[PDB]
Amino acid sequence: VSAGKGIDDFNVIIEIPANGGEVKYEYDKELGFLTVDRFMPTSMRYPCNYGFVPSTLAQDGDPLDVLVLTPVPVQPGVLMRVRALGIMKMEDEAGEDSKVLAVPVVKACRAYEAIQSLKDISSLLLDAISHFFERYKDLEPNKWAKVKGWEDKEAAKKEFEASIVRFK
């Protein structure tokens, strides 16, 4: 699967739906199956859809992670075309592991057409997202996470581009 055209139109395979999280799925490219990663014994729920960009490689060693805001949750395993608004910088027990924040391309979501950059997102929503990643590992032995903050679309673009070159 291609990574997509670019930062304004790239592909994302959804692993976890908005409002999900009690079970964490991970896509297994080798087997071509959506797989169970872990059951999360906590009261936290994903504030948005969660997935990765195919044909990319982040420092983490996994494909680039993506957070996707949508009007309603998307079924895990589904592929969708999105555009970046910015990027969330964070680190966990493994190291640095930022997540791009995206919405669907205009062709797929007219309701979000007015949302063009990170500033068009309420700080409240960003706070809730940051809060989720700050705390969702609280009850997991040996696991932790710290959100450094948010950066703009250009930062997202750079990490996206660098992610393409790192792949192949």
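Quick note: we count residues from 1 along the sequence shown, nothing fancier.
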For the stretches 121-129 and 58-66, which has the higher mean C-alpha B-factor as given in the deposited record?
58-66
Mean C-alpha B factor from the entry: is it higher for 9-17 or for 155-163?
155-163
Check the PDB entry and point out which of 95, 71, 86, 77 has the largest C-alpha temperature factor.
95
Based on the PDB record, which member of 34, 53, 48, 114 exhibits the highest Cα temperature factor?
114
Considering only modelled residues of the same chain, in which third does the CA B-factor of residue 101 rank: lowest, middle or highest?
lowest
